[PDB]
Each structure stands twice: as structure tokens, then as C-alpha cells.
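S.K.:
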Ligand SMILES: [Ca+2]
Ligand SMILES: [Ca+2]
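The structure is reproduced here in C-alpha cells:
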């Protein structure tokens, strides 16, 4: 119980941290010429077409 | 800056030079930003020069700046309670600015508690209450913004609504009159009432309370009397009629199932097996299910008429859909004959799902609804752990299917997962499925199966089960952090969902706008 | 309890732990603490074809094992 | 230093000698013995691959962190 409440204190951060660290572990081994082809640097999204 | 010396005197608050210049007259010029001298005195809050400047022609009392504010805004913006008392002693007009804000809004925005306490204690309160204008994103309503910003003066306002009007405490003629004039009908405040884009939902003051979680204001007595006014007028009546419709389906099923041996088939006249005993009982509940389940169709088909494409997002609707369609083909021997094994098979679907659905209808209660929302929120997080369950269960299930193939609890791969599912709760059949096979040399892989068992006993009944307990503890403590608010929020959102579909002519008949209660006659 | 009790009263009527509707609620009450008689009340009837509704009763059992010994029991632990 | 690598190592080496009768004949009791190692460890390893998800990965890290503290209590278990 004390272990799970420690994890769920940062549960919303831990999922995004695993998302970020996945890519940074992935792009470190990826060849750089492929990166320039695959990155697009900007995006266009149509919304309605489809503490103390 | 174009300021006259009268501006410069009233800016720094010196009454006598203001009194000296008024002996010779300074004509109340407007500077850049169009401020008058009364604006500067109202800015600093020097009431002493404000008293001396309100004894002349007072043509600056209604003067406006470049943004439309008068001097009443600036005193209310900078927190000078004695200033606004001095200004409201005279006939200060209440005109919005060009951002459509009255002086009450700026005090509510800048959180001047002692100022709005002097507004509420003084006279002229109702016309500055109604002075607000609609269709503006800020400056919505002085009641609702008082909820959103300053609950404690709003509490003091509620003490003015609660008057006893009878000094004899604990008397037979002792009474308490509550007024509900500040809790509803926001269009009834404005006397002009254009109602062009007026799309106000009911119970605006209460909805703002649960959205701004001011739980100390919900337990104020006039709010409880306002809820109990709505509850006793229609709210108990409709909730009885909704449940009583469903209870008229649920009880006649349960009477029908406990009086019939569950193998047999039945006409309306009795059991085939021919019993023909208490057929007057069996005929009337078999009808009463069939009539009620047809009403459930028109209840649901009426509900998809009110909501297209929002109906399908709920899980209760497909629950309610599976409720009725078996109850028809449970009692279908009223009309056409069906085989017996079919008739009970949908029956066990029905009576299981009836009470399981009936658990949902008591969620709209004040003393038992907090367990239903707790039962749902645990069930949601367990559903998110289904892929952890399936890959753990099917791992141990297939390995036990290999290792313990000679024993009939693992003869089938499908059966082995279910037996592993029954092994989850610590009911490991250690003796008659591991040990006695091992002492009879009936284990094909003895060293593996014991090692598989010990590794099973670590993971599933200990680690996986304490994970669900640890999930449920942190989940329940999250809910019970706002348990006292969640019950009242479900009370408020019930009525606002109910009054939106209710016809307005009925509302004028049923509302009474005030009540009389005799008490002794019946953070950091 | 009376939901799972009456459904087990229909599905497992041939076995004496569910012969009476009153008895079926009590056996469901004794089934609450994880003491599911899985072998001598589900499995051995199924391998002797003594279940009238085999696909339902296993589905009723799995849905029982979710709700009462896991969700309902952890709710009481989380309340306590 | 990883424990998943020796997990992944024990994944493949039995799956070869599970299907090894593609080439050479092995005794039957050996072939299923590594098979029960394989299919148990496959899905147990497959639990780790879904850790890289957005909606179910939070249970995997919770399942690991409970398992770490239980492993630290092994000497309390063994001597008891
Ligand atoms: Ca519905
Ligand atoms: Ca690896």
C-alpha cells in the first residue's frame, strides 16, 4: 500500500517520462540521414474536419 | 498629465486645500484618462476629502473616465469600505464600464471582502444586484461571481435570508422563514428581461457552488432547505416514479423465480412438469414483467429521442438494453411456446442483471451513493489492469496445462485458465493436485511443477492481489477526500438534469420561492 | 448477494448447496471470502455433464470472482 | 546489469530445443520440459514489452516495484 501510493504520487508524470525516455533511447541509435527525412518541424491539425 | 491642482490635492488626500480650492472653485476638469478629482480621492480612499467634495454641485458623481468607470468603481477596486459607504450614502449611479462591469464586479475581482460586506449591509442592494448585464464572459452574475471568488461574504448574505421572525426560542409558535430569492431565477433579477441569448440552466447558484467546491456554503442551512424544497416538491416524486417503474419489473421477476423450480417450463396457467397451483400468482407477475419491460423500451427509445449519439457512450444503456430483452423472452410463454432450457437460460441472465442494474438506481441517494461511486471507480482501475491479468493468467494457465495434464482440472487449455483463475484467491489445491500426485509419481516434471507452484504463489496470490488492494486503498482515499461534496454534487446535478426536461408551466406551479419551518412544532 | 444468489439458484439447482433459494444466498455469503468451491461445485459437475448451462455458469463464476471476493472485499479493506 | 537480458536469453534457448525436431530427434520428455519453460516465460517476458505503453505501463512499474520489495524480504521469508 505504501509502495503503490508512492508510485501513484507521480503516476501522471511517470507515463510521460517513459514516453520521453523511449524516444531518446531510440533516436540515439537511429541514423541521422533518416532523421532529416522523417522530421517535419511543424504540424497542421484540423479539429473539426475528422503547488503550495 | 493635464491634472488641475484639485486633482493633485485629492490624489494625496488633503481635505483643507480641497476645501480651500472649492472656496475659489476649480470647475472639476477632466484630465488625460478623463479622471475627475473625485476619482483621485476615491482612488486613495481618503474619505475625509470625499465628504468635503460631496457638498458641492456633485456633477462629478456621474462623470465617467475613458473606460466608463465612475468614482464608485475606483473605491470598490482599491478596497476602501468607508468610501463606498460614503458614496452610497449619496445617490451614486451604478453604470457598467465599457468592459460591462459594475463596481460590484471589480470589488469581487479584486477580492475586497470588507467592501462588499458594506455593500450588503447597506441599502440600495437590490438595484446593484440587478445592474449586471448578460452575454459577457466576465461579469456574469453578482451572485455567481460571489460564489466563485468570495464565499465568506456570500455566507453572510445567506444569514440575511434566514430570519427567525420569532424571538421565543423552542416555542410552539416558533418558526423560521427561509427566503430563496438569491439562489435561483437569475432572469427574474433584471426588470427589463430581454431574454435574447438567455440560456441559463436551472440552479445557477448551486451549480456554481459545486463547481467552485465551496462545501462550507452547501452545508449552510438555507441551502439544505433549498435542496429539500426541490426534493419534496418534485424531486422525491420523480425519483419514486423512476424507481417504482423499475421495481415493478424487478420484484415480479424475483417472486417468479423463487416460486418455480428452475428446471421446468410454464404456461401462464402453471407448470408443465401439470401443477396448476397458485396460477393466480404466476399469471399476474408474468404479465407484470412483460408490461414493465415494454415500458423500458419506450423509456429507452424515449431517451434516444432526447439524446442522439450521446446515448451510446454510456455503459448503462447497453446494460438496460440487455435487461429488457431477456425479460421478454423469459415470460414469452404468455404468447408463444419456447423450449424450457432456453427460457431459464435467459432467466439467469435476467435476475442476475436486474439487481446488478438495480445497484445503479440507488446511486442517486444521500446515504448509500458514496459506495456506488466507490464501487465503480475501483472497477474502472481493475478494468485497466485487464491486460496485466490476461497475460499473467494465460502464462500460468498454459504452463500448468503442460505440467499437470494428467489431472482433469487441467485437461483442457480453456479449463486450465479458469482453474488458474480460481487459484488466484489463495485457493491453491496444494494437496490433491500437487502433493498426492507427487507421492504417487504421477507428475511428469516434479522439479518444475513445484518450482512453478512456488513462483505462482509469489506472483498471483501475493504480489498481484496486494497490488489490487494497494490500488483500491489509494483510490478510495481519493474519493473520500471529497465524499461530503460528492453526495451533494450528485444531489444538485440530479435536479439540473431533471429540470431541463421538465415543462416550464409545471415549474411555476410547483415552486414556492420561500418556506416556513417550525422547529419545535413537530483551509490553509 | 441476492443477485448472485438467485442466479446461482437457477444455474446450479441440481446441487444441494443451491437447492433452496434461501440456502443459495447463504452459500453465496460463504463464497464471499474467496472460498469458492470451484472443484466440487463447478468443475466435477461440468466434466459429468451435470451443468444445465455450462457456458453461463462459468461466465457467472468469473463475473462473481471479479465482483465479490476482489472488488467488494478490497472496497471494505479500503474503507477500513 | 539488466535482469531482462538473462530473461530474454532463457526465452530463446528453450524455444530452439522445443522445436529442435525440425532437425534432430530428441526424447519426448525433454521436449516438453523445455516447452513449459518456454510458454511460461514467453508471456511473462511479454508482460515487459507492454511496459512501453501509455495506458497500461503504470501497472507494470507497480508490479515491478512491489516485486523488488518482496525480494528484499526473502531472508525474512526463508528463516520464517
Ligand atoms: Ca437509460
Ligand atoms: Ca535485450
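Chains as they are written, first to last, in the entry's author numbering: chain A, 961 to 1010, 1039 to 1040; chain B, 481 to 753, 762 to 1010, 1039 to 1040; chain C, 881 to 960; chain D, 801 to 880. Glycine included, C-beta positions come from ideal geometry on N, C-alpha and C.
According to DSSP, which residues form a beta bridge with residue 1005 of chain B?
M.R.: According to DSSP, which records beta bridges pairwise, residue 1005 of chain B is partnered with B:656.
S.K.: Could you confirm whether any beta carbon from chain D is found closer than 8 Å to the beta carbon of residue 913 of chain B?
M.R.: No, no contact with chain D.
S.K.: Taking buried to mean at least 16 other C-beta atoms within 10 Å of its own C-beta, is residue 792 of chain B buried or exposed?
M.R.: Looking at its Cβ environment, which holds fewer than 16 other Cβ atoms inside 10 Å, residue 792 of chain B is exposed.
S.K.: Regarding residue 804 of chain D and ligand 2, is the C-beta to nearest heavy atom distance less than 7 Å?
M.R.: Within the cutoff, so yes.
S.K.: Tell me whether the stretch 849-858 of chain B and the stretch 885-901 of chain B touch, counting them as touching only if at least three CB pairs, one residue from each stretch, are closer than 8 Å.
M.R.: No: fewer than three Cβ pairs fall under 8 Å.
S.K.: Can you check the stretch 620-695 of chain B for any beta strand (DSSP E) of at least 3 residues that lies completely inside it and give the ranges in chain order?
M.R.: Counting whole runs of 3 or more residues, the stretch 620-695 of chain B contains the beta strand (DSSP E) stretches 656-659.
S.K.: Within 10 angstroms of its Cβ, does residue 884 of chain C collect 16 or more other Cβ (buried), or is it exposed?
M.R.: Looking at its Cβ environment, which holds 16 or more other Cβ atoms inside 10 Å, residue 884 of chain C is buried.
S.K.: For chain D, check one thing: does any of its Cβ atoms lie closer than 8 Å to the Cβ of residue 860 of chain B?
M.R.: So, not an interface residue.
S.K.: With 16 as the cutoff for other CB atoms within 10 Å, does residue 732 of chain B come out buried or exposed?
M.R.: With 16 or more Cβ atoms within 10 Å of its Cβ, residue 732 of chain B is classed as buried.
S.K.: Restricting to Cα atoms, I'd like to know which of B:616, B:490 and B:686 is closest to residue 677 of chain B.
M.R.: Ranking the options by Cα distance to residue 677 of chain B, first place goes to B:616.
S.K.: Less than 8 Å between the beta carbons of residue 594 of chain B and residue 561 of chain B, yes or no?
M.R.: Taking 8 Å as the Cβ cut-off, residue 594 of chain B and residue 561 of chain B qualify as a contacting pair.
S.K.: Which value, in whole angstroms, describes the spacing of the CA atoms of residue 815 of chain D and residue 838 of chain D?
M.R.: Between residue 815 of chain D and residue 838 of chain D, the C-alpha separation is close to 6 Å.
S.K.: Mind checking whether the beta-carbon of residue 968 of chain B lies closer than 7 Å to any heavy atom of ligand 1?
M.R.: No, ligand 1 has no heavy atom inside 7 Å of this Cβ.
S.K.: State yes or no: is the beta carbon of residue 887 of chain B nearer than 8 Å to at least one beta carbon in chain D?
M.R.: Yes - at least one Cβ of chain D is within 8 Å of the one on residue 887 of chain B.
S.K.: Looking at the structure shown, is residue 751 of chain B part of a helix, part of a strand, or coil, going by DSSP?
M.R.: Strand, per DSSP.
S.K.: Quick check: what's the CA-CA separation for residue 914 of chain C versus residue 915 of chain B?
M.R.: Distance between the alpha carbons of residue 914 of chain C and residue 915 of chain B: 7 Å.
S.K.: Regarding residue 831 of chain D and ligand 1, is the C-beta to nearest heavy atom distance less than 7 Å?
M.R.: Not so, every heavy atom of ligand 1 lies at least 7 Å from the Cβ.
S.K.: Hey, would you say residue 861 of chain D sits closer than 8 Å to residue 969 of chain A, going by beta carbons?
M.R.: No, Cβ-Cβ distance for residue 861 of chain D and residue 969 of chain A is not below 8 Å.
S.K.: Here's the rule: buried if 16 or more other CB atoms are within 10 angstroms of the residue's CB, otherwise exposed. What is residue 809 of chain B?
M.R.: Counting Cβ neighbours within 10 Å, residue 809 of chain B comes out exposed, since fewer than 16 surround it.
S.K.: Buried or exposed: where does residue 644 of chain B fall if 16 or more other Cβ atoms within 10 Å of its Cβ makes it buried?
M.R.: So residue 644 of chain B counts as exposed.
S.K.: Can you find a heavy atom of ligand 2 that lies under 7 Å from the Cβ of residue 808 of chain D?
M.R.: Yes, since a heavy atom of ligand 2 falls inside the 7 Å radius drawn around the Cβ of residue 808 of chain D.
S.K.: Rank B:1007, B:881 and B:819 by C-alpha distance to the C-alpha of residue 942 of chain C and give the top, closest one.
M.R.: The shortest Cα separation from residue 942 of chain C among B:1007, B:881 and B:819 belongs to B:881.
S.K.: Which residues in the same chain have their Cβ closer than 7 Å to the Cβ of residue 549 of chain B, if we skip the five residues on either side of it in sequence?
M.R.: Within the same chain, residue 549 of chain B has close Cβ partners 577.
S.K.: Quick one: using the 10 Å Cβ neighbour count with 16 as the cut-off for buried, is residue 1007 of chain A buried or exposed?
M.R.: Classification of residue 1007 of chain A: exposed, given that the 10 Å Cβ count is below 16.
S.K.: For residue 845 of chain D, which residues in the same chain have their Cβ closer than 6 Å to its Cβ, ignoring the five residues on either side in sequence?
M.R.: Only 807 and 811 meet the Cβ criterion.
S.K.: Taking just the CA atoms, how far does residue 671 of chain B sit from residue 532 of chain B?
M.R.: Answer to the nearest angstrom: the Cα atoms are 35 Å apart.
S.K.: As a quick exercise: from B:753, B:749 and B:736, pick the residue whose alpha carbon is nearest that of residue 743 of chain B.
M.R.: When each option's Cα is compared against that of residue 743 of chain B, the closest is B:753.
S.K.: Just to confirm, are residue 936 of chain B and residue 836 of chain D a CB contact at a threshold of 8 Å?
M.R.: Yes, these two residues count as a Cβ contact at 8 Å.
S.K.: According to DSSP, is residue 884 of chain B part of a helix, a strand, or is it coil?
M.R.: In this structure, residue 884 of chain B counts as helix in the three-state DSSP scheme.
S.K.: Beta carbon of residue 791 of chain B: closer than 7 Å to some heavy atom of ligand 1?
M.R.: It does: the Cβ of residue 791 of chain B is within 7 Å (strictly closer) of some heavy atom of ligand 1.
S.K.: My assumption, with CB atoms under 8 Å, is that residue 623 of chain B sits in contact with residue 692 of chain B. Please give the rounded CB distance.
M.R.: That pair is no contact at about 12 Å.
S.K.: Beta carbon of residue 802 of chain B, beta carbon of residue 869 of chain B: below 8 Å?
M.R.: No; because the gap between Cβ atoms is not below 8 Å, this pair is not in contact.
S.K.: Using a Cβ-Cβ cutoff of less than 6 Å, which residues in the same chain neighbour residue 944 of chain C once the five nearest sequence positions on both sides are dropped?
M.R.: The residues are 884.
S.K.: Along chain B, which residues have their Cβ under 8 Å away from the Cβ of residue 839 of chain D?
M.R.: Simply 883, 886, 887 and 890.
S.K.: Assess contact between the stretch 786-800 of chain B and the stretch 707-718 of chain B, defined as three or more Cβ pairs (one per stretch) separated by less than 8 Å. Is contact present?
M.R.: No, they do not touch.
S.K.: Under the rule that 16 or more other beta-carbon atoms within 10 Å means buried, what is residue 856 of chain B, buried or exposed?
M.R.: The residue is exposed, with fewer than 16 neighbouring Cβ atoms inside 10 Å.
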